[PDB]
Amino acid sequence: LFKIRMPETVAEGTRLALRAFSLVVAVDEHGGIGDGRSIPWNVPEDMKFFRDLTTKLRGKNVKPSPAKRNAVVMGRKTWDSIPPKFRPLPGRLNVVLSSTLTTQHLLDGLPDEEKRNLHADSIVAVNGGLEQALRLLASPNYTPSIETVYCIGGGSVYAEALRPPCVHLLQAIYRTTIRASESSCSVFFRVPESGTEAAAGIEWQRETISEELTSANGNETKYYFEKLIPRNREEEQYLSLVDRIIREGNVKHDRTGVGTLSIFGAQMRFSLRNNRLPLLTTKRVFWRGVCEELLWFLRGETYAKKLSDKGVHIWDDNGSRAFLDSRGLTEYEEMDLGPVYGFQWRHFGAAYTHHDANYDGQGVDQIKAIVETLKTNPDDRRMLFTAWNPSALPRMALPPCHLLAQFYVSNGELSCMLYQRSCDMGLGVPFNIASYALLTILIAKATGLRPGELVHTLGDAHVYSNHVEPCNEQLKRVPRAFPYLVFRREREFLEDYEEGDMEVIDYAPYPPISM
């Protein structure tokens, strides 16, 4: 009656079509890969790289299990190409593509029946191409259980992975070049050139290229590595704005002596399309604090102890008994922030006494109203909610930073525009971009629409003074490919969604800023 009841489309909105994936390959100086059924040359170093890459998980502590393991997708012939001894490849879910052999078939070509069972959960075949496997890898069984998918083989499987619709899901390309002149290979491996029609908009760029190496296999084979990634313009916006602030910003100093370089006015754009979640990659974002807090906003919650009992401490300092009293909010119990954010969203202007009191029905529920208009007249131009309430500011532990947001609908996709008066580029902005990408996605699921874009308007954009060096280290990193957001399960009411219902997948941030 007070809560927003999710529609019967709820899940159909964000259903993950195809699981993203990386690609591993070896090529000779001529771009050749091999001829039909063999890789004539053999470089132990490359072999090891393959073993480690495709098998290890990022969590430098966990060993592959049927709960968390990487997956390897390959074409039949390539499977045939594996020494019946090394098959299936250990520690990885082996996905063979073939319109003949079946899960039981591949399995029976294996010697010792001991493994013909120990490798029953390790082998699976699909009667289709990479797309269908990427599609079968997107189901609840495999996602998020399978951490990373590696398309390991087949000039035929490669061709598909390098062309739409698959390429749009290609997170990275690892390419070892074995400088061992050989004509064995017939099929050449080509990464689509930038700007051409085969690149379907994707700009492949090298993230890392090694120096010429020589394998210790008594052949002095010359080889080297390459990790190519799809240029992420989006994350660049962020990095550009930052680098500009540092370089040309205005250095202002607090009354507490805090330094900030800043510029006024700026706008960035992000695509929430096809399960894409814009979590920066140049510095890991605390997604859980985002989800737990956003969810907290949606419920009009005002009690910070709730995020606190959940590990999210973003409101501790402004919820201290000291702080609260320094605001004259002496009657507020510690951690009772007042009518901040979510409260104004769901109850604009309602009288606030304590976080205990029931507020159902109270005030103006801007969100319940945005949900209802979106579903009846999506072309309306007044679908925006605000927490910036001049009258209630004094009763708030603090004035809101992200104080306004408007929605827009076109061709069934919901877009959102956020207005942030003040934003810290070091920790706030990345966090907030997350917050509103998550808010827009839910609001869509709740309105029978499909996520579109998130437009971020910054007012006072500033890099704190002692972030300059770190933010410089980060500015060095090349942005990678954004992760994706899936939903394990749904809820009947928006207000009932928990952080354990959505899983972030394929998020591969760089290491902590080595400071």
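Just count from 1 along the sequence shown to find any residue number.
- As the entry records it, the average C-alpha temperature factor is higher for 40-48, out of 40-48 and 452-460.
- Of the two segments, 151-159 and 386-394, the one listed with the higher mean B-factor is 151-159 (C-alpha atoms only).
- Looking only at 232, 274, 282, 103, the residue with the top Cα B factor in the deposited structure is 103.
- Looking at 120, 409, 437, 191, the one whose CA carries the top B-factor in the deposited record is 120.
- Residue 92: CA B factor in the middle third of modelled residues in this chain (values from the PDB entry).
- Placement of the Cα temperature factor of residue 308 within the chain: middle third of the modelled residues, per the deposited record.
- In the PDB entry, residue 496 places in the lowest third of its chain by CA B-factor.
- Split the chain's modelled residues into thirds by C-alpha temperature factor. Residue 63 is in the highest one.
- Residue 326 sits in the highest third of its chain by CA B factor, as recorded in the PDB entry.
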